[PDB]
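J.: have a look at this fold, sequence not included:
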């Protein structure tokens, strides 16, 4: 009871932190995927010309 | 008999505590996996564009 | 003979007690392992997405 | 014998749980694959036009 | 001789028990692997569409 | 009776002390585990990029 | 009481130290992950060319 | 001389007994390892599917 | 010598078992690959029509 | 000198035994790897068809 | 304090080293990617001819 | 009082000595860990190539 | 003081030895990684052909 | 010094062995890649006909 | 003086003996590690095929 309470809260904190890192992962991939959509679009143009 | 009873109960308490920590583990991984599903989804979009 | 009989019985009692504690160990690990099976399952899902 | 019986049952429970998670994995992939079939179909149309 | 005989038998019992737990491990993995074969199959379909 | 009472109390004190040290152990591991969650998160990002 | 106080403080010191080492771990992985993001980016370019 | 002879033989007996227990250890681990080879094999199949 | 002989044989048995599982892996992949050859053949027909 | 000689030889024996077990490990992995080469070959065929 | 200082510096050194290895990774991939850009360019020419 | 003073000082000396040995432990591990960082880096390169 | 000096030097020797073994680890991995770079290069060629 | 010398040599031997296995890996991949070049060549012919 | 001299020499002898046993430990591990390098090499081949 008493010992594990501070630990439980510590875990809540760690989990939230984990959520922040995760948000950043989502954004990073946002950039990578933005890149893939645009470049793939250039190839699309190549096709229109062809 | 008499000596081990308080010990048995103490063990019940410890086991329940263990159950709490375990619930938190399940949630943490819930976040991590949520992250993996979404990011993997971004890659999926890359494929659609390709 | 006579002296060691009460002792033999006392030992039987202690052994049974030991059996109780042992049952609790089995259960505790039941929870820990349940946790490992489920979380490992989340990772499994990550793989399916990947 | 006696000690391992509760453990055996606990394991049966854990295995069934595992089966539930697994059903969910199958469904998740059902959605992902549904997505791949439809999008790939759009590309198919591109071909018909070409 | 005399002392170690009950011990030898006890060990035989423990070993058999161990065999039961082991059978359950084999089954658990049966489910996990069944899952992997089916999901991997969904991905296979994605490929056929592609 | 009379002799063991001061001893019983002394033991209560020692046990409480033990509880303090234990709280500190919980915290220490809080830091170590926080570290493991974050670093493991970095690896997670590596995967998203991959 | 009296004996465990110097010990409690010593433990506080050790925990803080542990926090320093941990900061360094975070940075090290910062470099490793930076590396993974950039190299994975090179592969990305390979794809654009392909 | 005379006193230690019965003791020497007793020791020979004990050593042989020890050899029996040891044979059982070898077998137990035979089962555990058999389990590890088969389960690891299931994972291998997962890979073939992947 | 004497102790390791039963172990050596046990290992021979385990290895053979491993060979069985392996045969099954080969077959499973036989089905998967049969599938890939036929479906890829359908695409081939699409090409003939095109 | 005198006491450790029988021990030295015993150790030589144990080391050789260890060498036998090791040979078996090499073979086991021979089978596992044979499996991986062949199955990976099936995938290779899938590629040729694709 | 005193003990962990030499350790902290040692860690700084190790981290820098890690940075060197990392620079080399970046270069290696520079060559691999240069290769992919040029070869992919040859394929591009094939297309122009087609 | 009088008897324990030389003893107290002797203990101070022993503690300092202990501190020296400890510094060496920190360094030893510095080398081992340096090794792990570099080798793990080689594996990292393997990944970049892959 | 006097007793721990020979010990300190012995430790210096052991640490240096450790450094030698470590150099060998670095080289071993040099070979393994050389292998990975070349083989991965073969796969690269497969891609150029494809 | 004296103890680690036989060990150093043993390590040299192991490293060389490792080099042999590695040569075989290079060859294996030689066959696989030869296969990919030829088959990819067949596809090339398909193109010439088309 | 006089009594401890035979004892000092006896200790020298024991220490040397200890050195022999130690050499054997180094060799044993030589075999175990040789095994690990080769088997790990087989896995490496699996990767090349993959």
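T.: Happy to help now that I have it. Numbering: from 1, shown residues only, chains lettered A, B, ... in the order given.

J.: what's the nearest residue to the closest residue to chain E within chain A if we skip its chain neighbours?
T.: Minimum separation of chain A from chain E (CB to the nearest CB) falls at residue A:40, amounting to 14.9 Å. C-betas here are computed from N, CA, C, even on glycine. Counting by CB to CB, 6 or more residues apart in numbering or on different chains, residue A:40 lies nearest to residue B:49, which is 4.0 Å off, once chain neighbours are set aside.

J.: residues near residue A:10, how many?
T.: Using other CB atoms under 10 Å in any protein chain shown, residue A:10 has 17 other residues around it.

J.: the residue of chain A closest to chain E: helix or strand, and which one exactly?
T.: helix A:4-49 (DSSP states H and E).

J.: list the contacts for residue A:11?
T.: Shown in contact with residue A:11 (CB atoms under 8 Å, 6 or more residues apart in numbering or on different chains): B:21, B:24, B:28.

J.: my guess is the first one meets residue A:3, correct?
T.: No. Applying CB atoms under 8 Å as the test, residue B:21 and residue A:3 come out as separate, 11.5 Å apart.

J.: quick revisit: which residues does the residue of chain A closest to chain E contact?
T.: Here residue A:40 is in contact with B:46, B:49, B:50 (CB under 8 Å, 6+ apart).

J.: number of residues surrounding the closest residue in space to residue A:7 that isn't next to it in sequence?
T.: In space, and not counting its chain neighbours, residue A:7 is closest to residue F:26: 4.8 Å by CB to CB, 6+ apart. Counted with other CB under 10 Å, residues neighbouring residue F:26 total 14.

J.: can you check the one 10 residues further on too?
T.: Applying other CB under 10 Å, we find 13 other residues in the vicinity of residue F:36.

J.: does residue A:30 really touch residue B:42, like I thought?
T.: Yes. Contact criterion CB under 8 Å: residue A:30 and residue B:42 qualify, at 7.2 Å.

J.: how distant is stretch A:1-21 from the center of its chain?
T.: Here the centre of stretch A:1-21 is set off from its chain's centre by 22 Å, with CA atoms, centre = their mean, to the nearest Å.

J.: in that stretch, what's buried?
T.: A:4, A:7, A:10, A:11, A:14, A:15, A:18, A:21 (16 or more other CB atoms under 10 Å in any protein chain shown).

J.: stretch A:35-50 now?
T.: Neighbour-count burial for stretch A:35-50 flags A:35, A:36, A:39, A:40 (criterion: 16+ other CB under 10 Å).

J.: list the contacts of residue A:45.
T.: Contacts of residue A:45 (CB under 8 Å, 6+ apart): none.

J.: residue A:15 contacts residue B:29, correct?
T.: No. The pair residue A:15 / residue B:29 is not scored as a contact, 10.0 Å apart, by CB under 8 Å.

J.: in chain A, which residue sits nearest chain D?
T.: Taking CB to the nearest CB as the measure, chain A has residue A:47 as its residue closest to chain D, at 8.3 Å.

J.: what about residue A:33, how many neighbours?
T.: 18.

J.: show me the contacts for the closest residue to it other than its chain neighbours.
T.: Among residues not flanking residue A:33 along the chain, residue B:42 sits closest, at 4.5 Å (CB to CB, 6+ apart). For residue B:42, the contact set (CB under 8 Å, 6+ apart) comprises A:29, A:30, A:32, A:33.

J.: residue closest to the middle of chain A?
T.: Closest residue to the average C-alpha location of chain A: residue A:26 at 1.6 Å, with CA atoms, centre = their mean.

J.: ok, it touching residue B:37?
T.: No. Residue A:26 is beyond contact range of residue B:37, at 11.0 Å (criterion: CB under 8 Å).

J.: which ones are touching the nearest residue to residue A:13 once chain neighbours are set aside?
T.: Excluding its sequence neighbours, the residue lying closest to residue A:13 (CB to CB, 6+ apart) is residue F:34, at 7.8 Å. Shown in contact with residue F:34 (CB under 8 Å, 6+ apart): A:10, A:13, A:14, A:17, G:22.

J.: again with residue A:24
T.: For residue A:24, the contacting residues are residue F:45, by CB under 8 Å, 6+ apart.

J.: which residues of chain A lie near chain F?
T.: Residues of chain A lying near chain F by CB under 8 Å from any CB of the partner chain: A:2-4, A:6-7, A:10, A:13-14, A:17-18, A:21-22, A:24-25, A:28-29, A:32.

J.: what about 7 Å?
T.: Taking CB under 7 Å from any CB of the partner chain as the contact definition, chain A meets chain F at A:3, A:6, A:7, A:10, A:14, A:17, A:18, A:21, A:25, A:28, A:29, A:32.

J.: and the two most separated of these?
T.: A:3 and A:32 (44.2 Å; CB to CB).

J.: quick one on the thing from earlier: distance check, the residue nearest to residue A:40 against chain I.
T.: As judged by CB to the nearest CB, to the nearest Å, residue B:49 and chain I stand 21 Å apart.

J.: go on, residue A:19?
T.: Taking CB to the nearest CB, one finds residue A:19 at 39 Å from chain I.

J.: about what we covered before: so which of the contacts of residue A:40 is the closest to chain L?
T.: Closest to chain L, out of all of those and judged by CB to the nearest CB, is residue B:46, at 19.5 Å.

J.: how about the nearest residue to that closest one, chain neighbours excluded?
T.: residue A:36 (4.1 Å).

J.: my read is that that neighbour contacts residue B:49, right?
T.: Yes. If you go by CB atoms under 7 Å, residue A:36 and residue B:49 touch, sitting 5.9 Å apart.

J.: verify the stated contact: the residue nearest to residue A:7 with residue A:6.
T.: Yes. Using CB under 7 Å, residue F:26 is in contact with residue A:6, at 6.1 Å.

J.: what does chain A put close to chain G?
T.: Residues of chain A found near chain G (CB under 7 Å from any CB) are residue A:39.

J.: check which helix or strand residue A:2 maps to.
T.: Going by DSSP H and E, residue A:2 is not in any helix or strand.

J.: please state the backbone phi and psi of it?
T.: phi -60, psi -40 (degrees, to the nearest 10).

J.: residue contacts, it?
T.: Neighbour list for residue A:2: empty [criterion: CB atoms under 7 Å, 6 or more residues apart in numbering or on different chains].

J.: ok, and the closest non-adjacent residue to residue A:8?
T.: Using CB to CB, 6+ apart, the closest residue to residue A:8 is residue B:20 (6.4 Å).

J.: right, and the one you found touches residue A:9 too?
T.: No. Judged on CB under 7 Å, residue B:20 makes no contact with residue A:9 at a distance of 11.6 Å.

J.: circling back to that earlier point, okay, and the common contacts of residue B:21 and residue A:3?
T.: With contacts taken as CB under 7 Å, 6+ apart, residue B:21 and residue A:3 have no neighbour in common.
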